[PDB]
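Given next, in C-alpha cells, is a single chain: the form solved without ligand OOG.
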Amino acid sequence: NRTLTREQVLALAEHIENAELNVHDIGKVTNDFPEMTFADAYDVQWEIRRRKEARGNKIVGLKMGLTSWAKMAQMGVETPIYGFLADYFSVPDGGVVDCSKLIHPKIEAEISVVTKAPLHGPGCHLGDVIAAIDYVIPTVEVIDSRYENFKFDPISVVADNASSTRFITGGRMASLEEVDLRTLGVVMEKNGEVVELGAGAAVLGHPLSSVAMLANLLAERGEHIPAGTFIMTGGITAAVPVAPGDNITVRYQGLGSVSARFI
C-alpha cells in the first residue's frame, strides 16, 4: 500500500519540511504523486519527524486532525489523521507568535490530554482510554498548511504533518473527574470579538475518542501511545485565520483561557 520509492519519501519530506522551515507554500504533493497513499504520506510525515529529531528537536506530542465525522465523510476518509508536535511548536499561554515564520495560519481551540498509562490499538475505543487519562489541557493549535491550494487533501496534509506548526497551552490542567469533555464549552475571542463557540463533542462526539483513534492509527505502523503522551484531540471550533496584530483568547469553561498575540 505504498507507491513512493524510498528516495521519494526522503525527498518529499525534505521538500515539505523546507516549506515549513523556510516559510513558503508548495504545491500539494499529491499533484506530483497522485497515487500517494496514506501509508506513503505517513512515511513522509515520519521522515519529517526523523529530520527534526535528527537535528535535536524533541517531539513533545501528537495532534489529531479530521476529527469531525462530517469532515471525514466530506473527504471520503474513514478515520482522522494525526501529526506530531515538535518542541518549538510550543507557545506559552499569552505568548507572542511571530507570523513571519508562518504562511497563512489559523487557530483551533482544542482540548489536549496527557496520558498516565500506555494505550494501544487496534480496537481501542473510549472505554479503554478513560483510565489512561492523567489530565486535560486547554490548547489552541496554530495550523498552517504548507500547501498553497484551496482544497484540503488529506493525503498531502498527512505528509505535511497535518499542518502542524504551533500549539498554545494554557488554562487549568484538570483531572478527567472534573471535566465533561463532551459538554466542555469553548469560546474563541479574536480582537475582543467572539468569533467561534464549540463544545468538546465536536471532536467525534467525544474528544477522548480521538485518543482511541490515535492509538488505532499508530497501531497501523506498529506504534502506540506511551504513558505521558500529550495529545491534542482535535479542533472543537472551526479554524480561525490569524494575522499580525491579532490577539486571541479562547475561554474553556471551568478551565480558564488560552491567549496569544500575533506579530
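Throughout, we count residues from 1 along the sequence that is shown. Shifts are known only where both forms have a C-alpha. For clarity, a rigid core is taken as the largest C-alpha set superposing within 1.5 Å between two forms.
From this point on, the text means the form solved in complex with ligand OOG, which you will not see here.
In the deposited complex, which of the listed residues (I143, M188, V91, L181) lies with a heavy atom within 4.5 Å of ligand OOG?
Spelling it out, the residue with a heavy atom inside the cut-off is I143.
Ok, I111, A162, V129, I168: which has a heavy atom sitting within 4.5 Å of ligand OOG in the deposited complex?
Contact residue from the list: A162.
Taking the partner as it appears in the deposited complex, which of 234-242, 29-37, 47-55, 217-225 has residues with heavy atoms within 4.5 Å of ligand OOG?
That would be 234-242.
Within 4.5 Å, heavy atoms only: does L62 come near ligand OOG in the deposited complex?
Heavy-atom contact with ligand OOG at 4.5 Å: absent for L62.
Is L66 near ligand OOG? Define near as a heavy atom within 4.5 Å, in the deposited complex.
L66: contacts ligand OOG in the deposited complex.
Though only this chain appears here, would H120 touch ligand OOG in the deposited complex if you measure heavy atom gaps against 4.5 Å?
Taking the distances in the deposited complex, the answer for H120 is no, it never comes within 4.5 Å of ligand OOG.
Should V136 be classed as touching ligand OOG in the deposited complex when contacts are defined as heavy atoms within 4.5 Å?
Taking the distances in the deposited complex, the answer for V136 is no, it never comes within 4.5 Å of ligand OOG.
Please state whether all three residues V97, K101 and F262 have a non-hydrogen atom within 4.5 angstroms of ligand OOG in the deposited complex.
Answer is no for this spot.
In sequence order, what stretches of at least three consecutive residues shift by 2 Å or more at the Cα level between the shown form and the other one, with the rigid core held as reference?
Those runs whose C-alphas all shift by 2 Å or more are 68-79, 149-152.
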